[PDB]
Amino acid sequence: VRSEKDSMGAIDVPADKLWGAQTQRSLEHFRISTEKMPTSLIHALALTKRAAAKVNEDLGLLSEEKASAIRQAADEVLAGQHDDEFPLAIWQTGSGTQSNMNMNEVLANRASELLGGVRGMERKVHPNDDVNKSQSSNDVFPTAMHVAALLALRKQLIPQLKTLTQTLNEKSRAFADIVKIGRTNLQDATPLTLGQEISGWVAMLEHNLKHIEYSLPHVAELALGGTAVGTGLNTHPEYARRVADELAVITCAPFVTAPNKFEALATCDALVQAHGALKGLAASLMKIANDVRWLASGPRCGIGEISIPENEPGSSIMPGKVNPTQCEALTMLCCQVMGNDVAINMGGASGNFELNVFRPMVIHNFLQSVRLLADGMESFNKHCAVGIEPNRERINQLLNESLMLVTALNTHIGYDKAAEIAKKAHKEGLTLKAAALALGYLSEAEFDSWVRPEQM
């Protein structure tokens, strides 16, 4: 072990670790559950420190040697070299201070080594004085939250959403000619094509993309520069804009400094709103997944209008039972996003005065929902959606088995007469044609020429 210290005294930290006294102290005070900061957030925090170092250097507040060393240490984190250096639980200080310090200590200790120094109290780079220069945990954590959120939405969620939409759009086009029985209130209704039904799914996904895009501008606003309470006390006048620009450059995302730092520090409003669009997407996906598994139900005693790829092995003596597992995984994660929204809403509604201190929990839920939806759509697309195929025989069997087509006969025979054969078919368990012919109201030839499902 090694001995690191702070204003409360010294504490032993494992020698093979880059964190310091404050991280070790929190590690012993917040032993709650198993949830830790996700990688995306660790990376966003590293990026925030990297940008702060550059700007501080530009303003002459930090020496080139230290500034470059810090950025290099930050790049190592981004490169996956220090994943084991962030052991803190989500259930910590509500402001995220301890994760801010965790990063400050890891970066300082490593930066020291990079400068021919050593980790520990003999270090050349200081966590608070150097790595956290011109910052406050108060404005740093919210900044990291927005960076991680916007990048996750732009880099993961949106591309996956686009891909699944394209796949489903191809399917609607491919099945544009297949007429099937409609179902309203779960009952047989008027026909529509399989392609039309799928176009509904496509339109839902397209609308969702638009909604998600509308939430991005607010998430792009950064708190950095607000300092402790939003006033900006102890910062160079250009710091907030400069750091926002630097972040935009290195991430290639349109980040801007929050026009009102009081709103930025005192609330998690951008995320409460952005998540609203995410629970909206969860509801749409749930409906799509449900339609797929119900339409694929069977093989003999369900609907069975479509078939989906069998991805897991099944019993030799049970050929036919294909459980819609991708659909099951998708509906389960959709329920999760709904629950996650409630946790975020409660935390978001609970800020007091100058600062909202429910942040770690809010970001934990938000990033998980993005993760679930992005990976969920990817998995559903590759292992299910791309392989949806119609069971043409079943579809036609059902179509010709229903009484819904009697409508076409009305245009060629009085309402009551057409309804009459429908009553007999229904009562006798006969098909529309069998009933029609047996009732002697028409012949096979004229019936078949009158009942054209493809003409709606």
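So that there is no doubt, residue numbering starts at 1 and follows the sequence shown.
Exercise for the section: Taking the mean of the C-alpha B-factors per stretch from the entry, tell me the winner out of 250 to 258 and 283 to 291. Expected result: Result: 250 to 258.
Handout entry: Residue stretch of maximal mean CA temperature factor, 60 to 68 vs 402 to 410
Key = In the deposited entry, the stretch with the higher C-alpha B-factor mean is 402 to 410.
Practice task
Quick one: which of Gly120, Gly182, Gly195, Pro324 shows the highest Cα temperature factor in the PDB entry?
Solution key: Highest C-alpha B-factor among the listed residues goes to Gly120.
Practice task
Could you say which of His43, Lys49, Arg31, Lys424 has its CA atom at the highest B factor, as listed in the PDB entry?
Solution key: Highest C-alpha B-factor among the listed residues goes to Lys424.
Practice task
State the tercile, meaning the lowest, middle or highest third, of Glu393 with respect to the CA B-factors recorded for its chain.
Solution key: Answer is highest: the recorded C-alpha B-factor places it there.
Practice task
Please place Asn138 in the lowest, middle or highest third of its chain by C-alpha B factor as given in the entry.
Solution key: Middle third by C-alpha B-factor.
Problem - Record-listed C-alpha B factor of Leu114: chain third - result: Highest third.
Problem - Where the record places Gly320 (Cα B-factor, split into thirds across the chain) - result: Tercile = highest for this residue's CA B-factor.
Problem - Relative C-alpha B-factor of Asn311, binned into the chain's lowest, middle or highest third - result: Its C-alpha B-factor belongs to the highest third of this chain's values.
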